[PDB]
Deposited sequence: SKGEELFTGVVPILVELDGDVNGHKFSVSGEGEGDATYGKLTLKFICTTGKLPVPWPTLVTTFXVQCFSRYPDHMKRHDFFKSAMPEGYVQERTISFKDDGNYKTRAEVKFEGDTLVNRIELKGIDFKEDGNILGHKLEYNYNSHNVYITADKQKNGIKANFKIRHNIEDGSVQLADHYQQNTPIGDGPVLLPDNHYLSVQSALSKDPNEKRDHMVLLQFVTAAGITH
């Protein structure tokens, strides 16, 4: 079907983010590939402006849910692939409990044969000595569920979830995520019933890379519709 046929193989990915958090500006480029048949992503991100002024884990969710594995019985409800190749706009607010928030606007679409995620991120109201700008968050990542609902009015979807970032003192920082996705163009989309994505993410470093960077391996599987 439309869009999902573009994901049967391994697809190259490009990620590009312009960020400004509390006035601290940065840019990040990423490259890698996705194999939606297995829900599999492999990505490497490089901060092209120097040192990243926020913890890498805080950007994971912002840096391509069209690569989720939708089981065959759920494929009528895979919005993200259905919008391709024209794509979708993905907007989020990420509210760090007792700290500031990120607002992200992204366009996810094909440019030629490459799946691109172009993002602008703005962060406001952060504590300069908080867990984010104080770099108190551990370089690790928990497994989470992403809860998806249809947005009939906008012909798209919403999602809600709460990321839990381990802090170096053995506590956890909550990062509430509010998400809205809108298809690009007048084409057909598959609006889903309520369901979720089960997401596991592993963060590492490239031993040969001297720039500030993050390697991400992620598995995402849709679930919650069966009966």
- request: Quickly check which stretches of the deposited sequence aren't in the model, judged by C-alpha, and list them in order.
  value: 64
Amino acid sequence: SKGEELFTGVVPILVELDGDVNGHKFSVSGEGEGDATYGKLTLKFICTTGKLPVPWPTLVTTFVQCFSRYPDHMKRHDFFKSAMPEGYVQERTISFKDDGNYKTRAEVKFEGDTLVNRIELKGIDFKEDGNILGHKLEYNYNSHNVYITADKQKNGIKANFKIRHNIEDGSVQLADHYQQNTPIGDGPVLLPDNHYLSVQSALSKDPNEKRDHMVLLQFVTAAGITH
From here on, numbers count along this sequence of modelled residues.
field: Between 111 to 119 and 148 to 156 (mean CA B-factor, as deposited), the higher
entry: 148 to 156
statement: Entry B factor averaged over C-alpha atoms, 126 to 134 against 99 to 107: higher for 126 to 134
query: Of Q179, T49, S68, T61, which one's C-alpha B factor is largest in the deposited record?
result: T49
- prompt: According to the PDB entry, is the CA B factor of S171 in the bottom, middle or top third of its chain, that is, lowest, middle or highest?
  reply: highest
message: Quick check for you: using the entry's CA B-factors within this chain, is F26 in the lowest, middle or highest third?
response: middle
statement: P57: C-alpha B-factor third of its chain, per the entry, is the lowest
query: Which third of the chain holds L17 when residues are ordered by C-alpha B factor: lowest, middle or highest?
result: lowest
query: For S143, does the deposited CA B-factor place it in the lowest, middle or highest third of the chain?
result: highest
